[PDB]
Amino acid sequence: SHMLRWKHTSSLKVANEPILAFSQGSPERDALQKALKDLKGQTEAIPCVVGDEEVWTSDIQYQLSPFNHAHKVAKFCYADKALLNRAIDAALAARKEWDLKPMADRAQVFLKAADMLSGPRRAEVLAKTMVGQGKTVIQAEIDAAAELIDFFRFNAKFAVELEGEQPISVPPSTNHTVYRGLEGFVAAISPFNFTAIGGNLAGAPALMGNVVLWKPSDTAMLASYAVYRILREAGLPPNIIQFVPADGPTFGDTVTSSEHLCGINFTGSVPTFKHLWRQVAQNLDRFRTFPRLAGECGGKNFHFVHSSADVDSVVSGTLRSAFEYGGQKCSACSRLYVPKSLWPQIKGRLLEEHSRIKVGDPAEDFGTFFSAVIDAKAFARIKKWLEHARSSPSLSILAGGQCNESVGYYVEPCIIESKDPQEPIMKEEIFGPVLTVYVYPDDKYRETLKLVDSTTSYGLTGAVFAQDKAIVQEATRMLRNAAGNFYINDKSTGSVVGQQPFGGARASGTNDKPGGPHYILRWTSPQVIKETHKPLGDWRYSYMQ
């Protein structure tokens, strides 16, 4: 008789969250305008949350509205090391019960949270993302609603269905895999540029039975706290995700110094990821187990045009990739490679369309294509690149090039032509609305493809525009490791959960493919149980007779 009895596993039907249109007179447009008004002139005081306790430290910080930095949208504080360690202790004390909860019960929290975000909370998270991170309507919509909702629903499906992955049983024994959470706590460290990423970085490990210290991005605090509150309201128990904004170095020092660290789920700069990686290595003898580091780290992404390309698609897809959300995406196109034969046509269209791009206040004017960049630091960096484009003999500014930080961190979309395919601006991630173009002779398309592949340290996203099948096949083979998300006749941004799992290798990170069915596997440490139902025999074997 079987002493361990394993319950049958269920399945989950989910689909991508539909993108809304926000047409005039539509309910979502009116709801959004109301949610935007709800934020005008408001400052939210956002505490650290440990368990259910709201905690304040002396390290007071402000989040500013990028397009109106006079507006402090949130006042928050950095957790001190004492509070971080207390958060660790409380999370650890909550972990066993949470890990032992059926996967389906944990998933229900995220499915509930996804419905809330889909419906009654949509306008709120969109508005907080627009005002706090400077996103336009459609950029907030694909992010804080659609992607976050998809993460929560698809990850719940992947997780529930994962328990159906079971080993073979042969008499006289029954074999079962238990998908245990990691023993210890996970540190989640999220970036400013996507509300959805913060929710996934903290949420996915929690779904798999982990407990988490979540350090949200300073410049995305407003929307991040909104998401945190929704998770708790959806039924996430206390001490499963601790909401602990903190000084970055301080946070990293603290979590990497704890013997109970079992994972870091990170999205941000290469240098910071490498630094955490080395801190873990330094402390390796202290940990109860080997921590798992996951990092997504940015790119220098390309659109490559072949002479057979559809010109109109090249222009609109490049404009979107390069300039949406001010080019502040790890996936944004920042290098465009154009054949000489098409350059007159493409150049003309790009400059014409450029003149029609409206940069302004995304809350007050829905005609805005994109708005201010995130903060003074980003503004200063981008300014230095525009200045480099002027001084450099290999570079010439074809359009834009101006910026003004008197009201918001405003930067014109800028199009640069480089005569040098190895110019530093062709190599280094700017994270601003700065597109560099290199024109290559048609008969050197193959040599140029090799340049696309070899010029930068990154491997995140890239697109090929071509109507020639042989060329598409050739280019796809050549560029296999130049992009983890590769596009044929479409723009290099806008990966959708369950359709284009996102991530790339080289300097771009560990490529764990959040948005795909395998991502959750990083956050479980499986145990296999074999129950044998018959007495064992002798210790000897018959051949020994």
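A residue's number is simply how far along the shown sequence it sits, counting from 1.
Taking only CA atoms, the mean B-factor in the PDB entry is higher for 22 to 30 than for the other of 479 to 487 and 22 to 30. In this entry, the higher average B-factor at the C-alpha atoms falls on 56 to 64, of the pair 42 to 50 and 56 to 64. Out of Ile416, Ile197, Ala87, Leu319, it is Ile416 whose C-alpha atom has the highest B-factor in the PDB entry. The PDB entry gives the largest Cα B-factor of the residues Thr436, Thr254, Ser406, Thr219 to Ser406. Among the modelled residues of its chain, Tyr325 has a C-alpha B-factor that falls in the middle third according to the deposited record. Among the modelled residues of its chain, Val528 has a C-alpha B-factor that falls in the lowest third, as given in the PDB entry. The PDB entry assigns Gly432 a C-alpha temperature factor belonging to the middle third of its chain's modelled residues.
Among the modelled residues of the chain, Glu147 sits in the lowest third by CA temperature factor in this PDB entry. Remark: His306 belongs to the middle third of its chain, ranked by C-alpha B-factor as recorded.
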